[PDB]
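Trainee: Residue numbers (my numbering): 1315 to 1438. Beta carbons: idealized from backbone N, C-alpha and C, even for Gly.
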Amino acid sequence: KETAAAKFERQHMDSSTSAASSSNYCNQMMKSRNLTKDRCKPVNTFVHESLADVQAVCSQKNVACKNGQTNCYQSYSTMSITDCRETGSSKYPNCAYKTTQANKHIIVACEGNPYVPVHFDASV
Ligand SMILES: O=c1ccn([C@@H]2O[C@H](CO)[C@@H](O)[C@H]2OP(=O)(O)O)c(=O)[nH]1
C-alpha cells in the first residue's frame, strides 16, 4: 500500500519544473496526482525543490503545527512552490483551481523512521 511518506510525495512534490506553473498547472496537477478523486481538495501545495532538500526540512526549524502537534518544521531557506486553491465556482467532478507561484519557507509535519515529511502544514 501507499505509505504516508509516499502520499506526501504524490500530493506535494513536483521537482521536475523549476517552477513555471502555467495558469492551468493546478487544474492539470490536482487531477493527475489524484487529488480530485472523491472530492476537490480545497488547498494543496506543490514544492519544486529536490526530494532531498524537502526531506531535509525535517531536521530544520522545529515549530508548532497548526493543529497543536509539535512535529512541524520550517525550512530555513525559501523554496519554490505553487499553491493550488479551488475557485469559488469549482464544481466537482470538474474541479477548478487558481494557480499561484511563490518563494516561501515551507512548514511540514514529519513522522516515522526514517523521519520524513507526511503533511504540508503551511508556507510563510
Ligand atoms: O498551505 C497549505 C495548507 C494546507 N495544505 C493541505 O490542505 C490540508 C488542509 O489545510 C492540509 O492537511 C494539507 O494537506 P495534507 O498535506 O495534510 O495532505 C497544503 O497543501 N498547503
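Short check: CB of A1320 to CB of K1380, under 9 Å?
Mentor: Cβ atoms of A1320 and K1380: not closer than 9 Å.
Trainee: Could you pull the DSSP bridge partners for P1407 from this structure?
Mentor: The partner list for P1407 (beta bridge, DSSP) is empty, contrary to what the question assumes.
Trainee: When you compare only the Cα positions, how much space is there between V1377 and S1332?
Mentor: Taking the straight line from one Cα to the other gives about 27 Å.
Trainee: When burial is assigned at 16 or more other CB atoms within 10 Å of the CB, is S1337 buried or exposed?
Mentor: It is exposed - the Cβ of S1337 has fewer than 16 other Cβ atoms within 10 Å.
Trainee: Does at least one heavy atom of ligand 1 sit under 8 Å from the Cβ of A1319?
Mentor: False, no ligand heavy atom lies under 8 Å from that Cβ.
Trainee: Would DSSP call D1435 helix, strand or coil?
Mentor: Strand at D1435.
Trainee: With hydrogens ignored, establish whether the beta-carbon of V1430 is closer than 8 Å to any heavy atom of ligand 1.
Mentor: No, Cβ of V1430 sits at least 8 Å from all heavy atoms of ligand 1.
Trainee: Given 8 Å as the limit, tell me if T1401 has its C-beta closer than that to any heavy atom belonging to ligand 1.
Mentor: No - ligand 1 has no heavy atom lying nearer than 8 Å to the Cβ of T1401.
Trainee: Output the residue ranges of the beta strand (DSSP E) runs that lie fully inside the segment 1343-1379 and measure 3 residues or longer, sorted by chain position.
Mentor: List check, beta strand (DSSP E) in window: 1357-1361 and 1375-1377.
Trainee: Excluding the five sequence neighbours on either side, which residues of its own chain have a C-beta within less than 7 Å of the C-beta of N1341, listed in chain order?
Mentor: Result list for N1341: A1410 and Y1411, in chain order.
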